[PDB]
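What follows is the content of protein26.cif (mmCIF, C-alpha atoms).
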```
data_upload
loop_
_atom_site.label_atom_id
_atom_site.label_comp_id
_atom_site.auth_asym_id
_atom_site.auth_seq_id
_atom_site.Cartn_x
_atom_site.Cartn_y
_atom_site.Cartn_z
CA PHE A 137 -112.06 82.74 -66.10
CA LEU A 138 -113.43 79.23 -66.24
CA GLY A 139 -110.83 77.79 -63.84
CA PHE A 140 -113.44 76.84 -61.23
CA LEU A 141 -114.77 74.20 -63.65
CA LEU A 142 -111.43 72.36 -63.66
CA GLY A 143 -110.95 69.07 -61.86
CA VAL A 144 -108.66 68.20 -58.97
CA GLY A 145 -105.73 65.87 -59.62
CA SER A 146 -102.79 64.60 -57.59
CA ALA A 147 -99.58 65.86 -59.17
CA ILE A 148 -97.03 63.50 -57.62
CA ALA A 149 -99.29 60.47 -57.20
CA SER A 150 -97.22 58.42 -59.66
CA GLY A 151 -93.93 59.49 -58.08
CA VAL A 152 -95.16 58.75 -54.56
CA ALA A 153 -96.20 55.29 -55.77
CA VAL A 154 -92.63 54.67 -56.96
CA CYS A 155 -91.31 55.89 -53.59
CA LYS A 156 -93.56 53.41 -51.79
CA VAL A 157 -92.41 50.60 -54.10
CA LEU A 158 -88.80 51.54 -53.34
CA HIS A 159 -89.38 50.86 -49.62
CA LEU A 160 -90.12 47.17 -50.23
CA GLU A 161 -87.58 44.58 -49.13
CA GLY A 162 -84.63 44.22 -51.50
CA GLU A 163 -85.59 47.12 -53.77
CA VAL A 164 -82.77 49.40 -52.60
CA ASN A 165 -80.31 46.50 -52.74
CA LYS A 166 -81.40 45.82 -56.33
CA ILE A 167 -80.71 49.45 -57.27
CA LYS A 168 -77.37 49.50 -55.43
CA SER A 169 -76.17 46.34 -57.18
CA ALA A 170 -77.40 47.59 -60.56
CA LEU A 171 -75.47 50.86 -60.14
CA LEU A 172 -72.14 49.14 -59.38
CA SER A 173 -70.24 49.42 -62.68
CA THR A 174 -72.20 52.31 -64.22
CA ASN A 175 -73.95 55.55 -63.34
CA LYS A 176 -77.06 54.71 -65.38
CA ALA A 177 -79.03 51.45 -65.61
CA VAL A 178 -82.58 50.17 -66.08
CA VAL A 179 -84.09 48.39 -63.07
CA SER A 180 -87.29 46.34 -62.92
CA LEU A 181 -89.01 46.83 -59.57
CA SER A 182 -91.11 44.27 -57.68
CA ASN A 183 -94.33 45.63 -59.23
CA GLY A 184 -93.15 45.00 -62.80
CA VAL A 185 -92.24 48.60 -63.72
CA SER A 186 -88.88 49.31 -65.36
CA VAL A 187 -87.41 52.65 -64.27
CA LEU A 188 -84.19 54.38 -65.31
CA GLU B 2 -72.54 33.63 -56.79
CA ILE B 3 -70.77 30.33 -57.55
CA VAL B 4 -72.45 29.67 -60.97
CA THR B 5 -71.11 26.35 -62.32
CA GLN B 6 -71.67 25.21 -65.91
CA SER B 7 -72.57 21.78 -67.29
CA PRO B 8 -71.25 19.75 -68.95
CA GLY B 9 -67.52 20.43 -69.25
CA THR B 10 -67.43 19.39 -72.91
CA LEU B 11 -70.37 18.90 -75.28
CA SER B 12 -69.96 16.52 -78.23
CA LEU B 13 -72.58 17.06 -80.94
CA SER B 14 -72.72 16.69 -84.71
CA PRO B 15 -73.21 19.82 -86.84
CA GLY B 16 -76.84 20.84 -87.21
CA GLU B 17 -77.91 19.20 -83.94
CA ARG B 18 -79.46 21.00 -80.98
CA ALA B 19 -77.12 22.01 -78.14
CA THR B 20 -78.25 22.51 -74.54
CA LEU B 21 -75.85 24.13 -72.05
CA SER B 22 -76.71 24.44 -68.35
CA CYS B 23 -75.57 27.07 -65.84
CA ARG B 24 -76.56 26.60 -62.20
CA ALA B 25 -76.06 28.98 -59.28
CA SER B 26 -75.34 28.53 -55.58
CA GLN B 27 -78.19 30.93 -54.75
CA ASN B 28 -80.99 32.63 -56.66
CA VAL B 29 -79.71 35.21 -59.14
CA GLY B 30 -81.28 38.60 -58.51
CA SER B 31 -83.72 39.79 -61.18
CA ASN B 32 -82.68 36.83 -63.39
CA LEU B 33 -79.62 38.87 -64.38
CA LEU B 34 -77.87 36.08 -66.29
CA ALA B 35 -75.81 36.61 -69.45
CA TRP B 36 -74.36 34.18 -71.99
CA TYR B 37 -71.19 34.93 -73.96
CA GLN B 38 -69.68 33.05 -76.90
CA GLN B 39 -65.87 33.04 -77.16
CA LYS B 40 -63.95 31.80 -80.20
CA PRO B 41 -60.41 30.42 -79.72
CA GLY B 42 -58.09 33.32 -78.97
CA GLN B 43 -60.37 36.36 -79.18
CA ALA B 44 -62.72 38.42 -77.04
CA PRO B 45 -66.07 37.00 -75.87
CA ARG B 46 -69.20 37.95 -77.81
CA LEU B 47 -72.38 38.68 -75.88
CA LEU B 48 -75.20 36.30 -76.81
CA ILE B 49 -77.91 36.59 -74.14
CA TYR B 50 -78.71 39.20 -71.48
CA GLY B 51 -81.38 38.96 -68.81
CA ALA B 52 -81.33 35.13 -69.15
CA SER B 53 -83.78 35.30 -72.06
CA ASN B 54 -83.08 38.39 -74.24
CA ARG B 55 -80.73 37.94 -77.17
CA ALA B 56 -78.40 40.78 -78.11
CA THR B 57 -78.31 42.80 -81.32
CA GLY B 58 -77.25 40.91 -84.45
CA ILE B 59 -77.18 37.51 -82.74
CA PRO B 60 -78.88 34.84 -84.89
CA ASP B 61 -82.15 33.55 -83.47
CA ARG B 62 -80.67 30.03 -83.24
CA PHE B 63 -79.31 31.15 -79.85
CA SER B 64 -81.89 31.33 -77.08
CA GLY B 65 -81.87 31.54 -73.30
CA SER B 66 -84.23 30.29 -70.63
CA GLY B 67 -84.38 29.53 -66.92
CA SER B 68 -84.87 31.24 -63.59
CA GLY B 69 -83.60 31.40 -60.03
CA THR B 70 -80.83 28.84 -59.70
CA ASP B 71 -80.93 27.14 -63.12
CA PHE B 72 -80.47 28.66 -66.58
CA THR B 73 -80.06 27.16 -70.04
CA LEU B 74 -78.61 28.26 -73.37
CA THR B 75 -80.00 26.44 -76.42
CA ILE B 76 -78.65 26.39 -79.97
CA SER B 77 -81.44 25.09 -82.19
CA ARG B 78 -79.09 23.71 -84.85
CA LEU B 79 -75.31 24.04 -84.63
CA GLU B 80 -73.38 25.77 -87.42
CA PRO B 81 -69.72 24.89 -88.05
CA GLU B 82 -68.75 28.25 -86.52
CA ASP B 83 -70.66 27.43 -83.30
CA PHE B 84 -68.13 24.91 -81.92
CA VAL B 85 -66.44 27.33 -79.52
CA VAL B 86 -66.54 28.01 -75.77
CA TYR B 87 -69.57 29.48 -73.97
CA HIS B 88 -69.58 31.34 -70.64
CA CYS B 89 -72.39 32.26 -68.25
CA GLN B 90 -72.14 35.37 -66.07
CA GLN B 91 -74.36 36.54 -63.22
CA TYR B 92 -74.77 40.26 -62.55
CA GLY B 93 -77.66 40.33 -60.09
CA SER B 94 -75.29 40.71 -57.14
CA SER B 95 -71.80 41.90 -56.28
CA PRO B 96 -69.22 40.75 -57.19
CA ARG B 97 -70.17 39.62 -60.70
CA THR B 98 -69.10 36.01 -61.19
CA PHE B 99 -68.59 34.00 -64.38
CA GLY B 100 -68.73 30.27 -65.02
CA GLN B 101 -65.96 27.83 -65.86
CA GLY B 102 -67.16 27.59 -69.47
CA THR B 103 -68.43 24.81 -71.72
CA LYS B 104 -66.77 23.50 -74.89
CA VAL B 105 -68.92 22.40 -77.83
CA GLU B 106 -67.01 20.04 -80.13
CA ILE B 107 -67.81 18.27 -83.38
CA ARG B 108 -68.75 14.59 -82.92
CA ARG B 109 -67.44 12.26 -85.67
CA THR B 110 -66.62 8.63 -86.56
CA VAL B 111 -64.23 6.95 -84.09
CA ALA B 112 -60.66 7.94 -84.95
CA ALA B 113 -58.22 7.32 -87.83
CA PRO B 114 -54.74 7.14 -86.24
CA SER B 115 -51.88 7.58 -88.70
CA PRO B 120 -35.82 5.04 -77.81
CA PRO B 121 -33.84 8.07 -76.47
CA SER B 122 -32.00 10.80 -78.51
CA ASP B 123 -28.19 11.18 -78.62
CA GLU B 124 -27.42 14.94 -78.40
CA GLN B 125 -29.98 15.31 -75.53
CA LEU B 126 -28.52 12.29 -73.64
CA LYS B 127 -25.04 13.72 -74.39
CA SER B 128 -26.49 17.00 -73.11
CA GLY B 129 -27.69 15.19 -69.98
CA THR B 130 -31.46 14.86 -69.62
CA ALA B 131 -33.56 13.00 -72.18
CA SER B 132 -37.21 13.00 -73.23
CA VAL B 133 -39.00 10.14 -75.00
CA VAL B 134 -42.08 11.03 -77.06
CA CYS B 135 -45.23 8.92 -77.53
CA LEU B 136 -47.02 10.68 -80.38
CA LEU B 137 -50.25 10.01 -82.30
CA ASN B 138 -52.25 11.73 -85.06
CA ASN B 139 -55.72 12.29 -86.66
CA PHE B 140 -57.98 10.70 -83.98
CA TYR B 141 -61.35 11.78 -82.57
CA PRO B 142 -62.44 10.24 -79.21
CA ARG B 143 -60.52 12.23 -76.61
CA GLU B 144 -58.32 9.53 -75.10
CA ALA B 145 -54.77 9.28 -76.49
CA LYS B 146 -51.72 7.72 -74.78
CA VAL B 147 -52.02 6.35 -71.24
CA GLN B 148 -49.04 4.61 -69.64
CA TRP B 149 -45.26 4.29 -69.94
CA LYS B 150 -43.05 1.25 -69.35
CA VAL B 151 -39.45 1.54 -68.11
CA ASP B 152 -38.15 -2.05 -68.05
CA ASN B 153 -41.68 -3.38 -67.48
CA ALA B 154 -42.57 -0.84 -64.79
CA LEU B 155 -45.03 2.05 -64.60
CA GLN B 156 -44.07 5.57 -63.54
CA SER B 157 -45.93 8.70 -62.47
CA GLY B 158 -45.01 12.37 -62.17
CA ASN B 159 -42.23 12.27 -64.80
CA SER B 160 -44.40 12.48 -67.95
CA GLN B 161 -46.43 15.35 -69.39
CA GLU B 162 -49.34 15.26 -71.85
CA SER B 163 -50.32 18.04 -74.25
CA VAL B 164 -53.13 17.76 -76.80
CA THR B 165 -54.11 19.79 -79.87
CA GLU B 166 -57.40 21.29 -81.09
CA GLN B 167 -60.04 19.67 -83.34
CA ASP B 168 -59.20 19.81 -87.08
CA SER B 169 -60.98 22.08 -89.61
CA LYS B 170 -62.24 19.56 -92.21
CA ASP B 171 -61.69 16.22 -90.42
CA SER B 172 -62.25 17.23 -86.77
CA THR B 173 -59.31 15.12 -85.48
CA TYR B 174 -55.50 15.33 -84.66
CA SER B 175 -53.77 14.01 -81.52
CA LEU B 176 -51.78 14.36 -78.30
CA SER B 177 -48.07 14.50 -77.46
CA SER B 178 -46.71 12.70 -74.39
CA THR B 179 -43.17 13.55 -73.25
CA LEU B 180 -41.44 11.38 -70.64
CA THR B 181 -38.58 13.31 -69.02
CA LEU B 182 -35.71 11.54 -67.27
CA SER B 183 -32.19 12.62 -66.34
CA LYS B 184 -29.03 11.14 -67.85
CA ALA B 185 -28.78 8.78 -64.85
CA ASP B 186 -32.07 7.12 -65.88
CA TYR B 187 -32.03 7.28 -69.69
CA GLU B 188 -28.83 5.21 -69.94
CA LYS B 189 -29.83 3.05 -66.95
CA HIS B 190 -32.58 1.37 -69.02
CA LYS B 191 -32.85 0.17 -72.61
CA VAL B 192 -36.63 0.01 -73.29
CA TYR B 193 -39.39 2.69 -73.25
CA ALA B 194 -42.66 0.83 -73.92
CA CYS B 195 -46.14 2.42 -74.06
CA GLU B 196 -49.75 1.23 -73.82
CA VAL B 197 -52.57 3.26 -75.37
CA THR B 198 -56.28 2.67 -74.68
CA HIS B 199 -59.21 3.27 -77.06
CA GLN B 200 -57.48 4.93 -80.00
CA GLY B 201 -60.19 3.69 -82.33
CA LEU B 202 -57.69 0.90 -83.00
CA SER B 203 -56.93 -2.71 -82.03
CA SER B 204 -53.63 -2.79 -80.10
CA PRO B 205 -51.19 -0.13 -78.87
CA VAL B 206 -49.01 0.82 -81.84
CA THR B 207 -45.21 1.02 -82.14
CA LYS B 208 -44.16 0.04 -78.61
CA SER B 209 -40.54 -0.83 -79.51
CA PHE B 210 -37.98 1.57 -77.99
CA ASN B 211 -34.55 -0.11 -78.00
CA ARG B 212 -31.85 2.25 -76.59
CA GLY B 213 -30.03 3.50 -79.74
CA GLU B 214 -30.70 4.71 -83.30
#
```

Starting from the file, lay out its structure as structure tokens.
Amino acid sequence: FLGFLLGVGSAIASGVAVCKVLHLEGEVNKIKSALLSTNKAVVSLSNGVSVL
Amino acid sequence: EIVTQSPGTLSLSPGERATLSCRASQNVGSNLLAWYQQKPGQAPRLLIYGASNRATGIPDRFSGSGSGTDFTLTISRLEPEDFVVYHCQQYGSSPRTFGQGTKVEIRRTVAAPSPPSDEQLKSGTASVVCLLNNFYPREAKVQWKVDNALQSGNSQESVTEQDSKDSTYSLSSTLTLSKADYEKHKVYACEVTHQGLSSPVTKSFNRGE
């Protein structure tokens, strides 16, 4: 089995980056206000990424 | 949170460019500003969302711009159907707050303007009317005259909407006085200002038919 030739990635690197972005000032307040009249909305974070 | 619109009424000829302003007390979060168009007596239609993105099916003559405190809705060239009211809403914070609204009206050439009753007096109170007609510049009927004297708080004004193919029409002014005041005097004069005319018209109101 040639599995020892495989690389080493970081599975949740992208998700952890979004977690760190969510800790910035006003990010949670932005999400809370966006989810006021609906259960599902698109929010643009401080780093320019739009996340459902 | 306060979001006030400017100006109250916009007077522009058809095919001209319209610019409507909407300012806010504080910065609107994420530039979450929407523009709605509302025709007389029906539900608002969404024009702009996100302060710059126009909704589905909206003609590209409607555009939005601005940031922070100040936002602007531009109509590149007004169609006849565009002379309606326009509202701005903020939804970057709770509660969501709208604006007072802005009226866009057809601008045109300046105007073309074209005693007490018995039964009512017999019935007690009386109401003298000072009526006008097809006129454009929004100033119709100003003051009353009861035996060469001005009064306040006993008259009510009520205007119409702009016409379909002449963009005109006029206001009704009703002066209400009880039976003790209608028969106490014998003249009900009136002075109008800037009717697109020369002098106040038909100011003779002798008590009787």

Enumerate as a PyMOL selection string the residues belonging to chain B that approach chain A to within 12 Å, with all atoms listed in the file taken into account.
chain B and resi 29-33+51+91-97

Excluding stretch 165-174 of chain B and any residue of its chain fewer than 4 positions from it, enumerate the residues within 12 Å of it, using all atoms listed in the file, and give them as a PyMOL selection string.
chain B and resi 12-15+41+81-82+84-85+104-115+136-145+178+200-201

Carefully work through the PyMOL selection byres ((chain B and resi 71) around 7) for this structure and note down the residues it includes, as an NGL selection string.
:B and (23-25 or 67-70 or 72-73)

Excluding residue B:89 and any residue of its chain fewer than 5 positions from it, enumerate the residues within 7 Å of it, using all atoms listed in the file, and give them as an MDAnalysis selection string.
chainID B and resid 23 34:37 99:100

Residues within 7 Å of stretch 19-22 of chain B, all atoms listed in the file, excluding chain neighbours under 2 positions, as a ChimeraX atom specification
/B:6-7,17,24,72-77

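With atom CA of residue A:148 on one side and atom CA of residue A:178 on the other, the separation reads 21.4 Å.
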
Mind telling me what the PyMOL selection byres ((chain B and resi 154) around 12) catches here, as a ChimeraX atom specification?
/B:148-153,155-157,190,192-196

Could those residues be written to a file, using C-alpha atoms, as an mmCIF file, keeping the file's coordinate frame?
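Okay, selection_19.cif is ready:
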```cif
data_model
loop_
_atom_site.group_PDB
_atom_site.id
_atom_site.type_symbol
_atom_site.label_atom_id
_atom_site.label_comp_id
_atom_site.auth_asym_id
_atom_site.auth_seq_id
_atom_site.Cartn_x
_atom_site.Cartn_y
_atom_site.Cartn_z
ATOM 1 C CA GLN B 148 -49.040 4.610 -69.640
ATOM 2 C CA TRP B 149 -45.260 4.290 -69.940
ATOM 3 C CA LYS B 150 -43.050 1.250 -69.350
ATOM 4 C CA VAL B 151 -39.450 1.540 -68.110
ATOM 5 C CA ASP B 152 -38.150 -2.050 -68.050
ATOM 6 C CA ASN B 153 -41.680 -3.380 -67.480
ATOM 7 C CA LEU B 155 -45.030 2.050 -64.600
ATOM 8 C CA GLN B 156 -44.070 5.570 -63.540
ATOM 9 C CA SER B 157 -45.930 8.700 -62.470
ATOM 10 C CA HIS B 190 -32.580 1.370 -69.020
ATOM 11 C CA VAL B 192 -36.630 0.010 -73.290
ATOM 12 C CA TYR B 193 -39.390 2.690 -73.250
ATOM 13 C CA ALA B 194 -42.660 0.830 -73.920
ATOM 14 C CA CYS B 195 -46.140 2.420 -74.060
ATOM 15 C CA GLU B 196 -49.750 1.230 -73.820
#
```

Please measure the separation of atom CA of residue B:164 and atom CA of residue B:38, giving the value in Å to one decimal.
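Here the two named atoms are 22.5 Å from each other.
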
Could you check how far atom CA of residue B:102 sits from atom CA of residue B:160, in Å to one decimal?
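Computed distance, atom CA of residue B:102 to atom CA of residue B:160, equals 27.4 Å.
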
So which residues touch residue B:189 within 12 Å, counting only C-alpha atoms, skipping near sequence neighbours fewer than 2 positions away, as a PyMOL selection string?
chain B and resi 121+126+131+151-152+182-187+191-193+212
